[PDB]
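These are the residues of each chain, in order.
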Amino acid sequence: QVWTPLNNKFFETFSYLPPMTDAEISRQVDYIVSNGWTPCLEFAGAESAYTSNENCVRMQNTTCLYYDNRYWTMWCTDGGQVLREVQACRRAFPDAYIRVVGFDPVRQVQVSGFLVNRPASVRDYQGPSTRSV
Amino acid sequence: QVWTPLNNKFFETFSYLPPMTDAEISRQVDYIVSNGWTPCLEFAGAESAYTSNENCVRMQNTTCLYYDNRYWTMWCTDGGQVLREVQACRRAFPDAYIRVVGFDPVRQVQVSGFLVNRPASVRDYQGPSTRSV
Amino acid sequence: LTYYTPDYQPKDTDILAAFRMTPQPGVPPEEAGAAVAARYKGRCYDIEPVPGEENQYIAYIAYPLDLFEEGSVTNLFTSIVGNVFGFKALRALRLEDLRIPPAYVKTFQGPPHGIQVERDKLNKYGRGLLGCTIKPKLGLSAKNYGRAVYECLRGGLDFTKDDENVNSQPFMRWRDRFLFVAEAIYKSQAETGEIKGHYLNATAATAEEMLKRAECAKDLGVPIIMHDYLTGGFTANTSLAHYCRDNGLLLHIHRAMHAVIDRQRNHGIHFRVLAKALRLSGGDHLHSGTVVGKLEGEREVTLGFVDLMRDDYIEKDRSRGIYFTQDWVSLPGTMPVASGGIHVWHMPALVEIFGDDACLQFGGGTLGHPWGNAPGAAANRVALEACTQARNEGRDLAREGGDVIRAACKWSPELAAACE
Amino acid sequence: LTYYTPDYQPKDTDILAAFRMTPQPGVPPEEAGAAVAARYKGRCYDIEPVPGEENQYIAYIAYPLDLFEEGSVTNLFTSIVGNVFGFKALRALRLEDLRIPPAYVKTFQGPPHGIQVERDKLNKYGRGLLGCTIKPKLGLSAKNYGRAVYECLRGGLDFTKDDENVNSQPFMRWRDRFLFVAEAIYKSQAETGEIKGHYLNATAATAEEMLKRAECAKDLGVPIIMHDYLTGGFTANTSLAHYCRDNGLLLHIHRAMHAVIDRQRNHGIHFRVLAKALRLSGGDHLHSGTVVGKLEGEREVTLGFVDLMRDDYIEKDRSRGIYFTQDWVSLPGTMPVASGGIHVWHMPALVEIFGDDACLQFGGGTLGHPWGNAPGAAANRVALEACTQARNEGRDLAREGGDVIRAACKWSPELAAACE
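As documented in the archive entry, the model was determined using cryo-EM at 2.39 Å resolution.

For chain C, the PDB entry supplies the name Ribulose bisphosphate carboxylase large chain and the organism Chlorella sorokiniana. Quoted verbatim from the Subcellular location (unreviewed entry) heading of the UniProt record, the comment on chain C is "Plastid, Chloroplast". Under Subunit (unreviewed entry), UniProt gives the following word-for-word description of chain C: "Heterohexadecamer of 8 large chains and 8 small chains; disulfide-linked. The disulfide link is formed within the large subunit homodimers."

Under the annotation held in the PDB entry, chain A carries the name Ribulose bisphosphate carboxylase small subunit, chloroplastic and is attributed to Chlorella sorokiniana.

Let's shift gears to the pattern of salt bridges. Enumeration according to the criterion identifies 61 salt bridges over all chains in this entry. Between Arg127 of chain D and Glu12 of chain A there is a salt bridge, with the nearest N and O atoms lying 3.6 Å from each other. You can see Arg127 of chain D sitting in the loop between α4 (115-122) and β5 (129-133) and its partner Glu12 of chain A sitting in the segment before α1 (22-34), one on each of two chains. The exposure classification of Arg127 of chain D matches that of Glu12 of chain A, with both residues buried. Between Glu191 of chain D and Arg154 of chain D there is a salt bridge, with its nearest N and O atoms 2.7 Å apart. Here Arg154 of chain D lies in helix α5 (residues 142-154) and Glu191 of chain D lies in helix α6 (residues 174-192), a separation of 37 residues in the sequence. Among the ionic contacts, a cluster of salt bridges with common partners joins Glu12 of chain A together with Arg127, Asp158, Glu194, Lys196, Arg381 and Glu385 of chain D.

For the rest of this paragraph, the subject is the packing of aromatic side chains. Any pair of aromatic rings gets described here by the distance separating the centres and the angle formed by the planes. Under the definition given, this model contains 51 aromatic pairs over all chains. Note on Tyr104 of chain C and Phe108 of chain C: the rings are 4.9 Å apart at their centroids and 80 degrees apart in plane angle, and the pair reads as edge-to-face. Note on accessibility: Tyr104 of chain C and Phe108 of chain C belong to one class, buried. Seen from their ring centres, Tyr60 of chain D and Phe324 of chain D are 5.8 Å apart, and the 90 degrees between their planes marks the pair as edge-to-face. Here the residue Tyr60 of chain D occupies a position in strand β3 (residues 57-63), and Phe324 of chain D occupies one in the loop between β12 (313-314) and β13 (326-327), the gap between them amounting to 264 residues. We classify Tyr60 of chain D as buried; its relative accessible area is 6%. Joined through ring pairs, the aromatic side chains of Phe11, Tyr50, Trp72, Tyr97 and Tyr125 of chain A make up one cluster. Lying over the aromatic face of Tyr66 of chain A, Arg70 of chain A brings its terminal NZ or CZ to 5.9 Å of the ring centre. One residue, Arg318 of chain C, lies across the ring of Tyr323 of chain C, its end atom 3.9 Å from the ring centre.

Residues and elements named next belong to chain C. Feature annotation in UniProt assigns "binding site: Mg(2+)" (unreviewed entry) to the following positions: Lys161, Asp163 and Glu164. As for its placement among the helices and strands, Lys161 is situated in strand β6 (residues 159-161). With respect to the element layout, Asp163 can be found in the loop between β6 and α6 (174-192). The buried category is assigned to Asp163, whose relative accessible area is 3%. Those residues in contact with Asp163, other than ones at most four positions away along the chain, are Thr133, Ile134, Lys137, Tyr145 and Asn201.

Below, the discussion takes up the relation of the copies chain A and chain B. In the superposition of chain A on chain B (RMSD 0.0 Å, axial shift 0.0 Å), the rotation amounts to 90 degrees. Taken together, the rotation angle and the small translation identify this as a four-fold axis. When C-alpha distances to the rotation axis are compared across chain A, the minimum falls at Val57 of chain A, with a value of 4.1 Å.

Phi is positive for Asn7 of chain B, which is not a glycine, with a value near 50 degrees. If you trace the backbone, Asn7 of chain B turns up in the segment before α1 (22-34). Of note, the phi angle at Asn123 of chain D is positive, near 60 degrees, even though the residue is not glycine. With respect to the helices, strands and loops of the structure, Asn123 of chain D is situated in the loop between α4 and β5. Owing to a relative accessible area of 10%, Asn123 of chain D belongs among the buried residues under this scheme.

The rules behind the values
- Residues numbered from 1 in each chain as written, not as in the entry; some residues may be left out.
- Chains lettered and ligands numbered in written order.
- Part of a larger assembly, values for the part shown.
- Heavy atoms only, no water.
- Residues with missing side-chain atoms left out of burial classes, pairs and counts.
- UniProt positions renumbered as here; feature names shortened; annotations may be inferred.
- Salt bridge = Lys/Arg side-chain N within 4 Å of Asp/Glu carboxyl O.
- Helix = DSSP H or I, 4+ residues; strand = E, 2+ residues; numbered from the N terminus.
- Buried < 20%, exposed > 50% of the residue type's maximum accessible area, 1.4 Å probe, protein only.
- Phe/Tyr/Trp six-rings, centres within 6.5 Å; stacked < 30°, edge-to-face > 60°.
- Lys NZ or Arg CZ within 6 Å of the ring centre and 35° of its normal.
- Contact = heavy atoms within 4.5 Å.
- Least-squares fit on C-alpha atoms.

In structure tokens form, the structure reads like this:
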């Protein structure tokens, strides 16, 4: 079989697994909470979801390690609350990818980041069986 | 609530207030005239209304403080005349944002600049209640 | 006394200083002024007693223009206040004002752009500028710092700034912060369509390192950097201001360690002299006051040094602390930045006091808005714009600020959660 | 013995070494420790016999901080192990550990970015990184090398790397390879939407040539380069690490020629000392182990040097080979890279042993997947993500790795052809 290079976009962690269900998202959020970390939600439409070099035109010397759309837009006690917020974000922005992020409150660093929602309207991604043709 | 990052463009001064009525525009123009300044009208279509880096590709060394579309196109005794010119510009260019500018005649510098018209056809901006979702 | 000449008429090129001095008992004021004064000799030409304070006099000293190095704030401060605060004959000594003759002013470059060039470059007119200090102060990673910057700027804020003590630390190296802040600035610009900026701290150990950080900011295309002039030094500041003029960068100036010199009324150098030294050395913005509760300090004194750092021609006004008429001969003005706890209902007062040519800074980091950083920034922007619109209509802000805030809140959901 | 002081208490600034030495018969251990030790004199303050080996002792040496040049791994190695392995009085000698006092650590820049800055720059969290070594080792043209890089990266791999002996040869000059690899990296980035990279080998004959190759990588905008520090030298490595910090480049470190010094148990320098020297000199990644069949070497020893090269504070643990408490005073950590034959069903074991802060390298070049390079990369990525998800759910990987692999294979056609 051949890995398809057409409409096969991916979003880093857990993006190569089948779309996670509510129970799986809940278990991941519980894992984040268990470690002592804070979960939050990021979202972006299809125009600002993938990495790009749009602003590299303004730079000189080098553009090493600079990529656009690394930041998404921010949307935290347990899995159920984060799941409710996931549904709320889905209703508010149906054409936007949702990403669950984790933040270590002591080190003040991001420790987690996995996609939990892919807009049905957008078709820039494949499915577990359509990834190979 | 969450500040919407979708179709929420803004145009500097007074852009975060609800759309100004004819009386409010008139009062602002009267304020400009009272100070001894000259009011004029700027307009631009949606393709040249927002700041952009289109011409930065032609530059080297640096692009600091350079942005495209800072200049709009020019379209002056009292509020009523400027209001009449605002209606004339609206009729002539219905799909164009209109901006009232002020110029100090002694210092020869721009002293004022507020948007007074948002084309109904264009939907790149939100409303006072739709700015948060 | 060869150095006390009450009949002397100061020349148009003399540098004049007004010293508030309290001599030791038994020392006549004329003798103390003669000592401070002591062809190239400084001379005391005028002494006036302070009405209200015992044994307190204002001594006016005239220095010849040939005494100082052209375009050197360092030399000016070395000559005027080098070793005069250590005189045993003076119980206390306080430099209150300086008169910089146009001949000297013309030897300085001044601020890189000034207020009007800043407004033209940023395309923002008719309103004050808004800024936030990213909080927490320290410990945040460059990624999280950039995330906070983007969240605050997308709300409607014109600027964000690094904390005064954030230069380059194990927790957040400076180049990582510069890159992430550049990405955040560009994202917020694309989202809102307004030109955004972040005061990147270039303050460093060596002038070479400071110029390297300025060079990185220039290579990223970002608009503005920051410097601590009272801790970095006038020599470092002047180098940075010349660089910023050469490369088209804005320069925000933070007055760290200022209270160590301008707090006590009897000893030190009044902030107005430090503000004039900054305007000579160069700076587009200068943190000029704190708003704890309300704008602190005598209003007239604040207005005096704001006018001294803004206008081109300030006439002598002892009520506001102007001891000398200051002609700036078209030197670019410096924008005052009022920082601290700028609460939403306190915006009308500061808009009335400062006007449009100032930057209001939310150095508290906001975060008081229950919804988030972005809606809090929007609420602030909505409040500032509503106050400006009311002032332009002829309203008296000091009397109708609450009414204007309420009326703006009636239609702004973001301000509704902020006004509570 | 003036150099054996068993009552000496090491200072907070002393550099401490733990030597495992076997003296010649007739030589008492105290005399041998005194010799190794021999105001600026190194002294033996502690000697413990090895329980389990005949005539084997651990000698603890304390060196004053004034003995070494600030920020110089070269000098440190010259002072500690310059000429001590050639002593006739010692049958065998092995440096086991070093204690770098914070005072010395602060004089080093350390790794250019570290683990957390790497994760933030690459925007990859919660999982280990994946890499492949382009195979065949040599003979491939720059075009074909780039084609292989693109095929492996588009599958889902985060990194690819040049072979250790691929620097610049008649068959493939370095600049052609850099250009074709840059095109491949950018194509794979555009196709998958994830940030990709390739460890470009900058190892060269002269420091000037190495810096030129780093400069080319910087001019292409590619993320990461590679260096052979034990063959290129600490002086060359430190220059490259300073350059990478200055220009925002990641630095992968390969330990070529390491077994010539860290293989024999009785003679040489233990890899943990080389890992600490690398972390001081600078490196974001450090090839730290081989997985032939399974992770080779005592697990505790591996865990010890992985913690030593990762954590900020490692307490003394003789079970894992930590002879001294190591405080890193906020020096950036180095990411360990486990390479070799990482088969799909062996992923759960390595994920359990290393966790998320490691890079698993398929130095075998994969190619075992009947479909191609890209599906093989996808299978590996699917397996790693499934193992990580299972571990996050509370599963015991060492007991359910096969079940997790099978369950992932049930829905992954690419992994189905790999699991067979």
